[PDB]
Amino acid sequence: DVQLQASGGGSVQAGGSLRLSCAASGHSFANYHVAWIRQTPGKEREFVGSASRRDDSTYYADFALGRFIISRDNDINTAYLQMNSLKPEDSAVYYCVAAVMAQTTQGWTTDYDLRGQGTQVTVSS
Amino acid sequence: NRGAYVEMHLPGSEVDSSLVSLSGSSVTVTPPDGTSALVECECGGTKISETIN
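Protein chains in written order, with the deposited numbering: chain Z, 1 to 52, 52A, 53 to 82, 82A to 82C, 83 to 100, 100A to 100H, 101 to 113; chain N, 160 to 212.
Next comes the structure, spelled out in structure tokens:
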């Protein structure tokens, strides 16, 4: 089955940096919009950022601008989320979503063409 | 007037390339005088917006 595995999280002090990776087993990311969704305990899943290979475009949320970077290396069918300047509000579990266009990126995506297991990041003040 | 008749329907959404314009680095939409418009796309996520003059 086409499954996405998220990794690269952990507990880091505020103001540092981390790098998360989403890898697909069963199919490549050659024709897949990659979107990062964040879920803090006690609230609803919130959009973080999305990237597109077809047009080489990157979307970032209001909090994500100037701090988060998204890159893709189709050679090893992985998507990377390099982010810096940790803040206490960034403690959550992150999932990666892969979709074949289908106009799935409207605000709240809430489509999940491919759902994968997430990873937890903790932020210590 | 006779018994012949032809129906009239509502107009379609007409596209206009000249309406959109460039700022220093950005996209600008300036609807004509007394006109409402709809702006769409997926450059990142989806955005369907309506502008009223």
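Don't be surprised by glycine CBs; every beta carbon is placed ideally from N, CA and C.
- Scanning its chain for C-beta atoms nearer than 6 Å, with the 5 sequence neighbours on each side dropped, one finds around residue 45 of chain Z the residues 37, 39, in chain order.
- At a cut-off of 8 Å between beta carbons, residue 100F of chain Z makes no contact with chain N.
- Distance from the CA of residue 197 of chain N to the CA of residue 100E of chain Z, rounded to the nearest whole angstrom, comes to 22 Å.
- Secondary-structure assignment with DSSP links residue 212 of chain N through no beta bridge to anything.
- With the rule of 3 Cβ pairs closer than 8 Å, the region 88-95 of chain Z counts as touching the region 4-23 of chain Z.
- Excluding five sequence positions before and after residue 86 of chain Z, the CB atoms of its chain that fall closer than 7 Å to its own CB belong to 109, 111, given in chain order.
- A Cβ-Cβ separation of about 5 Å places residue 33 of chain Z in contact with residue 52 of chain Z under the 8 Å criterion.
- Within the region 68-80 of chain Z, contact with chain N at the beta-carbon level (separation under 8 Å) is assigned to no residue.
- Judged by their CB atoms, residue 107 of chain Z and residue 90 of chain Z are nearer to each other than the 8 Å cut-off.
- Between residue 56 of chain Z and residue 203 of chain N a beta carbon distance of about 6 Å is seen, short of the 8 Å cut, so the two are scored as contacting.
- Within the same chain, and ignoring the five residues on either side of residue 212 of chain N in sequence, the residues whose Cβ sits closer than 8 Å to its Cβ are 190, 192, 193, 194, 195.
- Chain order gives the chain N residues near residue 100B of chain Z as 201, 204, 205, 206, 207, where near means a beta carbon separation below 9 Å.
- Rounded to the nearest whole angstrom, the CA to CA distance from residue 13 of chain Z to residue 20 of chain Z is 16 Å.
- In this structure, Z:35 is the residue among Z:35, Z:99, Z:60 with its C-alpha nearest to the C-alpha of residue 103 of chain Z.
- Relative to residue 174 of chain N, the option among N:168, N:199, N:166 whose CA is nearest is N:199.
- By the neighbour-count definition (other C-beta atoms within 10 Å, threshold 16), residue 163 of chain N is an exposed residue.
- Residues of chain N with a Cβ closer than 7 Å to the Cβ of residue 50 of chain Z are, in chain order, 203, 204.
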